[PDB]
Structure formats: C-alpha cells, structure tokens
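Asks: Next up is a structure, given as structure tokens.
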Amino acid sequence: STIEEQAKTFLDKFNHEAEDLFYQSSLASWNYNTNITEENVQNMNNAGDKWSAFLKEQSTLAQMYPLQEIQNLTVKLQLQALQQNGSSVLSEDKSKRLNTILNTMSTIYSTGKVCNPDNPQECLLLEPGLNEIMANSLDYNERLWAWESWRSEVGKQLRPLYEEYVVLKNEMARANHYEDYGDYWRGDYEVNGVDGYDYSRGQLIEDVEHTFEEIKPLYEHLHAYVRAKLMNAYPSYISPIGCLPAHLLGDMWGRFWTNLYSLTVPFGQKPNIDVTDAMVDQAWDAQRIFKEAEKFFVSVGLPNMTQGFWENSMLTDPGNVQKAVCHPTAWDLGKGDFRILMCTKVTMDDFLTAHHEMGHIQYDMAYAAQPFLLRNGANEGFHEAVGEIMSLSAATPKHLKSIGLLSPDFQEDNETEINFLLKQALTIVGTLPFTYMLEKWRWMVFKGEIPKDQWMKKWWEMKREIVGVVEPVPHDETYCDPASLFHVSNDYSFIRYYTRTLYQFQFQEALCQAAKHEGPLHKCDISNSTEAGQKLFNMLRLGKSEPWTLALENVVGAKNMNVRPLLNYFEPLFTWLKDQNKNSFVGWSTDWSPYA
Amino acid sequence: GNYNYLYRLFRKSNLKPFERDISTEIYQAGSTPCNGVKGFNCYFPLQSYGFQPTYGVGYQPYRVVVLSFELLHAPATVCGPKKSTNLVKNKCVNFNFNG
Ligand SMILES: *[C@@H]1O[C@H](CO)[C@@H](O)[C@H](O)[C@H]1NC(C)=O
Ligand SMILES: *[C@@H]1O[C@H](CO)[C@@H](O)[C@H](O)[C@H]1NC(C)=O
Ligand SMILES: *[C@@H]1O[C@H](CO)[C@@H](O)[C@H](O)[C@H]1NC(C)=O
Ligand SMILES: *[C@@H]1O[C@H](CO)[C@@H](O)[C@H](O)[C@H]1NC(C)=O
Ligand SMILES: *[C@@H]1O[C@H](CO)[C@@H](O)[C@H](O)[C@H]1NC(C)=O
Ligand SMILES: *[C@@H]1O[C@H](CO)[C@@H](O)[C@H](O)[C@H]1NC(C)=O
C-alpha cells in the first residue's frame, strides 16, 4: 500500500536473502582462511562475486523508494545504507581501472620484496624478514638502509598509482554528492534526523583537532623522554632540540612505539608482570586460555559462548601440512555462527588477543537480534573499542592474581605502575599523532588543498609539526612515503584508531564508575560486576539501530568524544614525565638540527 | 545447505486457526499488478531455510508435532490405556471389571 510498508517488506526480503548469501560468502572466506587451497580460493571468489552482484541488484532496487516518505528511523537508516551507489555511480571503464589499481596495490604491498644491492640472491618479504630487523636492531645504518630502500621501491612503484587513485576516488565521491573522498569517510559519523544528537561531517575534523590539542602536552613530554632515551642509546645522532630520526622508532612506519620499551624502560632493575612462565609451569593450553576468557565474560554478566563456537573455531595452528592465516580474526558468519581464527601461543599477548577477539564475538552476539543491515557497530570506533576494553581489563595485575596466574605475594609498588603506564603510552598514545597527521594529510590530498607537486614538502612539514619526527634525508616527489602502510595502500579509513583510542578510555571510566572502583583508573578491573556488564550490554544490544552519540550518552553520559579519560588514565605517568623533564627541553624544533 | 524446508513469508491477511496455505501466488505489496513475474514490489511467498549443521541453536532445525485434543458429541474413542492389577481370588476385594 504505502511506500513505507513497501520498503519494509523489501527490507525484510533483503535481510532474509542477504543473511544466507553473506553466510555462504563468509563460510567460503573461512574455508579459505583455515585451508589455503586453490579450490577454496575459487569458491571464495565465486561467493564474493555473487555477494557483490546481489548487493548491486539490491542497491539498484532500493533507490526506487524515496527517503522522505518514510518516518521510522530504523527503516530510513537501512534504506540510507542500501541506497549508496558505491562505485556504481562511476563509469565502467573508470570503475574497472579503480578495481585494477586497488588489486595491483594489494599485490605490490603483499609481494613487495626488498634486499641489499650487490647481494640479490635472496630477499626478505614485507613482514617477517624486515619486521624483526625494525623491531630488534640497534644499528643506525642498517635500519636506515632498510627504511630508505623499502620506501624507495614501494614509493617509486606506488606514486603514479596513488596519483591515479586520488583522482578516481575524488571522482567517485563527487559523483556521490560528497565534497571529497575524505567527506565520504567522514560520513560514517554523520547523524541526521535525530533531535539534539545530530552529528555533521564537518564537526569531526574540529573535534579531532580539539581533542588533539589536549593530547599534545602529554605527547610532547613522552616525545622528549623518548628523545632523551634514544640519545642515551644513540649518542651523536639525536639532537637535544630537534625531532627524532624516522628509522629509530621501533617499527617500519612509526605506527607504534611499543618496540622501544626495552630502550626507554624507567626501572629495568624492577621485575616485569610477565605471566608466561607461570602458564608454562602450570601447562596452560590455549583451550584453557579461552575458557578463562569465557569465565571473565560470565563474571561480568555477559552470555557465555555457544557450543558451535567451541566446535567450529580454530584456536590452534593446524600443522605444517595445512596452511592457515596466522592473524587473529573474529568471524560473525551469520545465523548465530560465531568463530575465532587465531593461532594461539602460550604468551601474554595471545591471551590479551583472545580476550580482545572474544570481546569482538560478544559484540557480534549482542546485536544478533537486530536486522541484518543494522548488524554493525554504531560507528567504526565502538567495534574495536569493546575489544580494547577487554584488553585493558585482562592485562591488569588484579585480574592475573584473581585467576591465579600471578603470585599472591607480588609487590605492586608505584614503579611497576609507572613503567606499565609508559608501555601502554608507547603502544596507545604514540599512535595518536601519527594517525591524526596521516588522516589530516589524506583529507587535504582528497580536498585538493595540497597540489600533487607539493605533497611531500607539506607532509614532512606536517610530521615535524605534529609527530615530531624528522626525515633522515630529504625526499622529492618521486617517493610515495605514506602508501607503504597497509591501510592507506588498500583503501582503508584510518580515523577508527583515534576514535577507538578515545572511546576505549571513555568506556573504561564508565565501566569503572559502574563497578565502583575507588583507586586509580589503570588499577581498575571490571570482573565480578554485573551492573557494569548490564550498562555495557545496553549499548551492545543496540548495534547500528541507534546513533553513536546516543550510544555514548547511554554509556558515559556525554554527546561527544572526550579526551579527559585518557589524560586521567595516564595522570601518574604524566606527573612522572613532568618531573623527569625538568632538566631536558619539552617540545621539538622543526629545523634540521639532528640529521638531514 | 538444505533448501527443502520452506515458510510463507508474506500474505495480505493473517491465517485463521488450523488453516493451511499452499498457494504459490506472487505477493502484491504495491499497487502495480504482479502479473506472475517477481519484479518490483512483487515477491515470492515461500522462502527456504538454508539449514546447515554449523548453525546456531536458535537457527537449527526443530521438528514440531502439535497434538490437538477435542471433545465432540460423538463417542470418544481415543482413550488412554488403563492398567491391570494382578487378579486375586478367594478374598474379599474391591473389583472393577470394565467399569
Ligand atoms: C584442507 O584441505 C585439504 C585439501 O583437500 C583436505 O584434504 C583437508 O581435509 C582440509 N582440512 C580441513 C581441516 O578441512
Ligand atoms: C520501525 O520498524 C521496526 C521493524 O520494522 C518496528 O519494530 C518499530 O516499532 C518501528 N518503529 C516505529 C516508530 O514505527
Ligand atoms: C546513485 O546514482 C544514481 C545515478 O546512477 C543517482 O540517480 C542516485 O541519486 C544515486 N544515489 C544516491 C543515494 O545519491
Ligand atoms: C553456558 O551457560 C549455560 C547456563 O549456565 C550452561 O547451561 C551451558 O552449558 C554453558 N555453555 C557452555 C558451552 O559451557
Ligand atoms: C614511589 O614512592 C616512593 C615513596 O612513596 C617515592 O620515594 C618514589 O619517588 C616514588 N616513585 C615514583 C616513580 O613515583
Ligand atoms: C570473581 O568471580 C570468580 C568466580 O566466582 C572468582 O573466582 C573470583 O575470585 C572473583 N573475583 C573476586 C575479586 O572476588
């Protein structure tokens, strides 16, 4: 009869057939990931082509229902999600060119192999050969060689490809009534039609700058401390007044600073909180790790894992004969099928990753009552944030003592909390200026603020201004230094890590206030608290049905992302860094004083 | 995937109690006539449940048998079985033989 009922029946049929087809595609992807064989690759490609053709046909059929004659918010949200053209608005030649460019960037990044000139008989791939050198070497010229040679090969291959990529993506985005591709990415946080809780695409950049302006003193003190410690490690390369050399940050790109914990430890004489040896002594299997994680999630009041989870998940590496992807991934295959694909070792990192992926599984289970096209996070930040809060809670020494993994006579003094907070800052705080600088640079590239001949002169200028990292030698416009990273070369949004980092500590403060913890925020554990789990599950059950601003009101009581929980989390470390930086100079100079 | 089990997803009105609908006529959700083709606003009533063993417990197939008991003015003949206490003779007992 009416347009709204027609759209509701169309959405119901859509949902019904979509769930089954997504199940088939996800099961084919699972069979590829647990069994790398050519027929599984062919089945995955066939299922993906069927899924994409079905999404094309439902996008073609959804547009015939006009939006303004529908008053129900959930129906309007699903129709808005379905009616997006995607690449279909672009011409077939340019769409084929864009798909070819994305595939060849994927092959260039995945099969990029670089080794030393005059020794070409064997070379090391993108990850295993070079990751260990970047994370463990202490030699200046070896890291400089690896960094400059990999950015030479990858940038000189990818620069014309990226120049075509920006033009094609801007054409697709302006064909979809967006300002640029950056506006297309910022439209994920756009809330329209809700009174008071509306969020605009232009408000996101202002909120990111407003939060980063409060990030900046803590990052300046951390940068000064890491600069002083790297001056101790490398005597003559690092200047007291200048930026850090780029190849010394412990990773390939500077994404994380967590590989500098050995060099920048405050109290090496004090012990670590490593519980690996205790699990080795008690012979803890990975099944016991996941059962302890399930005990953690039932302690907070969340539902326990299904029988199909224990039957159908691969929680151990299969062997030499059978090949599988080693990356830990939680799979919501559809129809109540939830699995974890992780090659779990007996380490603290795999235990925290098991908690993180089971948090992903709990988030997927919570919105199982929702319709299929609303089965997502309210934004891209919440989905990772609900795993990162489990990674926060499981890593606490109180949780390790509660489950018996830590000795009951372990002395928790201030020095171990300071060095633990410094490790968490090197992991968590250090990625924030890199993320903000990369996303702001990509937004200015898509917006056309930076011409193609001036991409890199601005970029290093941004890195000195924001990240406080100086180039070893200057790079001209033949280089493509951003696109050596996985997310930018393979068309992924990058602001999800910034939003995840802030939502992580906002959720942590909200659940610790729910659990009535009376001490420091980093000493807080959310186990045994039914009310904290209920407050979590109230937001978790919504999925994408409600705006992320209303969900954040449901958790923390605020209508916007906030930076104060992060500063409250690291406040003992902030006071300690302010005490330790009395003689040294906080802040950096953009001049060429260390090396150029 | 077992596509042999189906369910009626649409119909203009709700069913009466103990009604069976086996019609395969195209559901008309819009003003336009379907004319037997599953085009715009016109969908097929019966949809399969792709029952796979790896499904969740809320999606696994369940066989349901509903027994309906009615009493009508005809003589009731479907009676539940009665038992037979071991016959005792030569004693003063309370006997119940066929009512
Ligand atoms: C993986 O694929 C091979 C190739 O047919 C097959 O023999 C093997 O049974 C598969 N393993 C699993 C666990 O499915
Ligand atoms: C919107 O639709 C859903 C399902 O179609 C329904 O449960 C809900 O009550 C509707 N809301 C309004 C305000 O009509
Ligand atoms: C999708 O593209 C078509 C042109 O092919 C256009 O008419 C339609 O408005 C677009 N959809 C949206 C939501 O803008
Ligand atoms: C989950 O909890 C329920 C209720 O205690 C229990 O019956 C069920 O066996 C549990 N599932 C598993 C896999 O242990
Ligand atoms: C730890 O506490 C002691 C006494 O309470 C103090 O002397 C010391 O400076 C503190 N160390 C740090 C890193 O806060
Ligand atoms: C939380 O609950 C578990 C299971 O009842 C128990 O073993 C653990 O000791 C509890 N934690 C605390 C801090 O009491």
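By order of appearance in the structure tokens: chains A, B, ..., then residues from 1 within every chain, and ligands from 1 in the order shown.
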I need the chain A residues near chain B as a PyMOL selection string; criterion: at most 9 Å, counting only C-alpha atoms.
Replies: chain A and resi 1-3+5-7+9-10+13+16-17+20+61+306-309+311-312+334-338
Asks: Take the residues from that selection and write them out as an mmCIF file, in the first residue's frame, keeping N, CA, C and O atoms.
Replies:
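What follows is the written file part.cif:
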```cif
data_model
loop_
_atom_site.group_PDB
_atom_site.id
_atom_site.type_symbol
_atom_site.label_atom_id
_atom_site.label_comp_id
_atom_site.auth_asym_id
_atom_site.auth_seq_id
_atom_site.Cartn_x
_atom_site.Cartn_y
_atom_site.Cartn_z
ATOM 1 N N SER A 1 0.826 -1.202 0.000
ATOM 2 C CA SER A 1 0.000 0.000 0.000
ATOM 3 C C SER A 1 0.863 1.257 0.000
ATOM 4 O O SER A 1 1.181 1.804 -1.056
ATOM 5 N N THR A 2 1.239 1.708 1.192
ATOM 6 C CA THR A 2 2.067 2.896 1.323
ATOM 7 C C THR A 2 3.520 2.574 0.983
ATOM 8 O O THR A 2 3.922 1.412 0.878
ATOM 9 N N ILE A 3 4.303 3.637 0.784
ATOM 10 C CA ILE A 3 5.709 3.500 0.411
ATOM 11 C C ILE A 3 6.508 2.882 1.557
ATOM 12 O O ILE A 3 7.398 2.051 1.334
ATOM 13 N N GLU A 5 5.491 0.759 3.993
ATOM 14 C CA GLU A 5 5.255 -0.679 4.104
ATOM 15 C C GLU A 5 5.915 -1.449 2.964
ATOM 16 O O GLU A 5 6.407 -2.568 3.171
ATOM 17 N N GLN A 6 5.924 -0.867 1.759
ATOM 18 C CA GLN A 6 6.621 -1.468 0.625
ATOM 19 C C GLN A 6 8.115 -1.585 0.900
ATOM 20 O O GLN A 6 8.727 -2.629 0.636
ATOM 21 N N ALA A 7 8.704 -0.525 1.456
ATOM 22 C CA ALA A 7 10.115 -0.539 1.820
ATOM 23 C C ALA A 7 10.390 -1.523 2.948
ATOM 24 O O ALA A 7 11.446 -2.158 2.968
ATOM 25 N N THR A 9 8.679 -4.396 3.590
ATOM 26 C CA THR A 9 8.662 -5.740 3.007
ATOM 27 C C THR A 9 9.885 -5.994 2.130
ATOM 28 O O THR A 9 10.438 -7.106 2.132
ATOM 29 N N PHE A 10 10.317 -4.975 1.375
ATOM 30 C CA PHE A 10 11.523 -5.099 0.561
ATOM 31 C C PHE A 10 12.758 -5.302 1.433
ATOM 32 O O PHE A 10 13.624 -6.122 1.108
ATOM 33 N N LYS A 13 12.623 -9.019 2.825
ATOM 34 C CA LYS A 13 13.114 -9.952 1.808
ATOM 35 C C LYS A 13 14.622 -9.806 1.607
ATOM 36 O O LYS A 13 15.340 -10.812 1.467
ATOM 37 N N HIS A 16 16.445 -11.331 4.642
ATOM 38 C CA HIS A 16 16.335 -12.789 4.564
ATOM 39 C C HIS A 16 17.319 -13.390 3.564
ATOM 40 O O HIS A 16 18.017 -14.362 3.876
ATOM 41 N N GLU A 17 17.393 -12.829 2.353
ATOM 42 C CA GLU A 17 18.266 -13.447 1.356
ATOM 43 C C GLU A 17 19.720 -13.036 1.573
ATOM 44 O O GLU A 17 20.647 -13.820 1.300
ATOM 45 N N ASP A 20 21.595 -15.277 4.280
ATOM 46 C CA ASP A 20 22.032 -16.538 3.681
ATOM 47 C C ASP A 20 23.218 -16.347 2.739
ATOM 48 O O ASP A 20 24.168 -17.144 2.760
ATOM 49 N N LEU A 61 17.604 -1.755 -6.702
ATOM 50 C CA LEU A 61 16.179 -1.833 -6.397
ATOM 51 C C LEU A 61 15.766 -0.980 -5.205
ATOM 52 O O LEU A 61 14.576 -0.674 -5.066
ATOM 53 N N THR A 306 28.636 -20.174 22.621
ATOM 54 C CA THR A 306 27.795 -21.266 22.163
ATOM 55 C C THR A 306 28.613 -22.547 22.010
ATOM 56 O O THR A 306 29.848 -22.539 22.026
ATOM 57 N N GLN A 307 27.895 -23.667 21.883
ATOM 58 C CA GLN A 307 28.540 -24.941 21.579
ATOM 59 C C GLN A 307 29.179 -24.920 20.195
ATOM 60 O O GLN A 307 30.256 -25.498 19.994
ATOM 61 N N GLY A 308 28.539 -24.241 19.237
ATOM 62 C CA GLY A 308 29.095 -24.135 17.899
ATOM 63 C C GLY A 308 30.382 -23.337 17.843
ATOM 64 O O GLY A 308 31.198 -23.539 16.939
ATOM 65 N N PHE A 309 30.580 -22.427 18.803
ATOM 66 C CA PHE A 309 31.851 -21.720 18.925
ATOM 67 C C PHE A 309 32.979 -22.689 19.251
ATOM 68 O O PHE A 309 34.034 -22.669 18.612
ATOM 69 N N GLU A 311 32.934 -25.968 18.902
ATOM 70 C CA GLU A 311 33.064 -26.985 17.861
ATOM 71 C C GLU A 311 33.767 -26.450 16.617
ATOM 72 O O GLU A 311 34.610 -27.141 16.034
ATOM 73 N N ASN A 312 33.443 -25.226 16.192
ATOM 74 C CA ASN A 312 33.802 -24.780 14.851
ATOM 75 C C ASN A 312 34.977 -23.810 14.789
ATOM 76 O O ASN A 312 35.409 -23.473 13.682
ATOM 77 N N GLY A 334 27.146 -15.245 10.499
ATOM 78 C CA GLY A 334 25.716 -15.131 10.322
ATOM 79 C C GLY A 334 24.987 -16.349 10.861
ATOM 80 O O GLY A 334 25.565 -17.422 11.056
ATOM 81 N N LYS A 335 23.689 -16.148 11.138
ATOM 82 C CA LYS A 335 22.764 -17.190 11.611
ATOM 83 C C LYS A 335 23.234 -17.769 12.945
ATOM 84 O O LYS A 335 23.165 -18.978 13.181
ATOM 85 N N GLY A 336 23.711 -16.893 13.827
ATOM 86 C CA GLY A 336 24.180 -17.314 15.131
ATOM 87 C C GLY A 336 25.480 -18.088 15.135
ATOM 88 O O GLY A 336 25.772 -18.776 16.115
ATOM 89 N N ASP A 337 26.277 -17.996 14.068
ATOM 90 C CA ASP A 337 27.550 -18.706 13.978
ATOM 91 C C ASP A 337 28.687 -17.722 14.247
ATOM 92 O O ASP A 337 28.906 -16.775 13.479
ATOM 93 N N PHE A 338 29.399 -17.952 15.350
ATOM 94 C CA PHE A 338 30.465 -17.085 15.833
ATOM 95 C C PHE A 338 31.718 -17.926 16.020
ATOM 96 O O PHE A 338 31.675 -18.954 16.702
#
```
Asks: Do a neighbour search on residue A:214 at 10 Å with only C-alpha atoms, toss out local chain neighbours closer than 6 positions, and write the hits as a list in words.
Replies: residues 563, 564 and 567 of chain A
Asks: Select, from A:248, A:418, A:300, A:542, the residue with the minimum atom-to-atom distance to ligand 6, counting only C-alpha atoms and all ligand atoms.
Replies: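 Of the candidates, the smallest distance to ligand 6 is held by A:300.
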Asks: Can you tell me, as a list in words, which residues in stretch 308-515 of chain A count as strand (DSSP E) by DSSP?
Replies: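 After running DSSP on the backbone, stretch 308-515 of chain A has strand (DSSP E) at residues 329, 330, 331, 332, 333, 334, 337, 338, 339, 340, 341, 469 and 470 of chain A.
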Asks: How about saving the chosen residues, N, CA, C and O atoms kept, as a CSV table (one decimal), in the first residue's frame?
Replies:
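The resulting part00.csv:
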```csv
chain,number,residue,atom,x,y,z
A,329,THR,N,41.4,-13.3,14.0
A,329,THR,CA,40.2,-12.7,13.5
A,329,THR,C,39.0,-13.3,14.1
A,329,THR,O,38.9,-14.5,14.1
A,330,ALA,N,38.1,-12.5,14.5
A,330,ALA,CA,36.8,-13.0,15.0
A,330,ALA,C,35.8,-12.9,13.8
A,330,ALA,O,35.7,-11.8,13.2
A,331,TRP,N,35.1,-14.0,13.6
A,331,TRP,CA,34.2,-14.1,12.4
A,331,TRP,C,32.7,-14.2,12.9
A,331,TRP,O,32.4,-15.2,13.7
A,332,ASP,N,31.9,-13.3,12.5
A,332,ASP,CA,30.4,-13.4,12.7
A,332,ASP,C,29.9,-13.9,11.3
A,332,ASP,O,29.7,-13.1,10.4
A,333,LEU,N,29.8,-15.2,11.1
A,333,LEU,CA,29.4,-15.7,9.8
A,333,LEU,C,28.0,-15.5,9.5
A,333,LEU,O,27.6,-15.6,8.3
A,334,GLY,N,27.1,-15.2,10.5
A,334,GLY,CA,25.7,-15.1,10.3
A,334,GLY,C,25.0,-16.3,10.9
A,334,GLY,O,25.6,-17.4,11.1
A,337,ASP,N,26.3,-18.0,14.1
A,337,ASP,CA,27.6,-18.7,14.0
A,337,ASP,C,28.7,-17.7,14.2
A,337,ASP,O,28.9,-16.8,13.5
A,338,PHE,N,29.4,-18.0,15.3
A,338,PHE,CA,30.5,-17.1,15.8
A,338,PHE,C,31.7,-17.9,16.0
A,338,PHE,O,31.7,-19.0,16.7
A,339,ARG,N,32.8,-17.5,15.4
A,339,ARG,CA,34.1,-18.3,15.5
A,339,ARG,C,35.3,-17.3,15.7
A,339,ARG,O,35.2,-16.1,15.4
A,340,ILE,N,36.3,-17.9,16.2
A,340,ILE,CA,37.6,-17.2,16.3
A,340,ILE,C,38.7,-18.0,15.6
A,340,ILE,O,38.8,-19.2,15.9
A,341,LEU,N,39.4,-17.3,14.7
A,341,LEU,CA,40.5,-17.9,14.0
A,341,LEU,C,41.8,-17.3,14.5
A,341,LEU,O,42.1,-16.2,14.1
A,469,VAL,N,58.9,14.0,14.1
A,469,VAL,CA,59.8,13.1,13.5
A,469,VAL,C,60.4,13.7,12.3
A,469,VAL,O,59.6,14.2,11.4
A,470,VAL,N,61.7,13.6,12.2
A,470,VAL,CA,62.4,14.3,11.0
A,470,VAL,C,62.8,13.2,10.1
A,470,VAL,O,63.1,12.0,10.4
```
Asks: As a quick test: using only C-alpha atoms and all ligand atoms, which residues lie no more than 12 Å away from ligand 2? Give them as a ChimeraX atom specification.
Replies: /A:4-12,15,70-79,369-372,374,545-546
Asks: Near stretch 168-182 of chain A, within 9 Å and counting only C-alpha atoms, which residues show up once chain neighbours fewer than 4 positions away are dropped, as a PyMOL selection string?
Replies: chain A and resi 84-90+94-95+97-98+163-164+186-187+439+442-448
Asks: At a cut-off of 10 Å, can you tabulate as a tab-separated table every residue of chain A near ligand 5 together with its closest atom pair and the distance in Å to one decimal, using only C-alpha atoms and all ligand atoms and ordering rows by chain then number?
Replies:
```
residue	atom	partner	partner_atom_place_in_ligand_line	distance
A:266	CA	ligand 5	13 (C)	8.5
A:267	CA	ligand 5	13 (C)	8.8
A:413	CA	ligand 5	1 (C)	7.0
A:414	CA	ligand 5	1 (C)	5.0
A:415	CA	ligand 5	13 (C)	4.9
A:416	CA	ligand 5	13 (C)	8.4
A:417	CA	ligand 5	13 (C)	8.4
A:418	CA	ligand 5	13 (C)	6.2
A:419	CA	ligand 5	13 (C)	8.6
A:572	CA	ligand 5	14 (O)	7.7
A:573	CA	ligand 5	13 (C)	8.5
A:575	CA	ligand 5	14 (O)	8.6
A:576	CA	ligand 5	13 (C)	6.4
A:577	CA	ligand 5	13 (C)	9.5
A:579	CA	ligand 5	13 (C)	9.5
A:580	CA	ligand 5	13 (C)	9.6
```
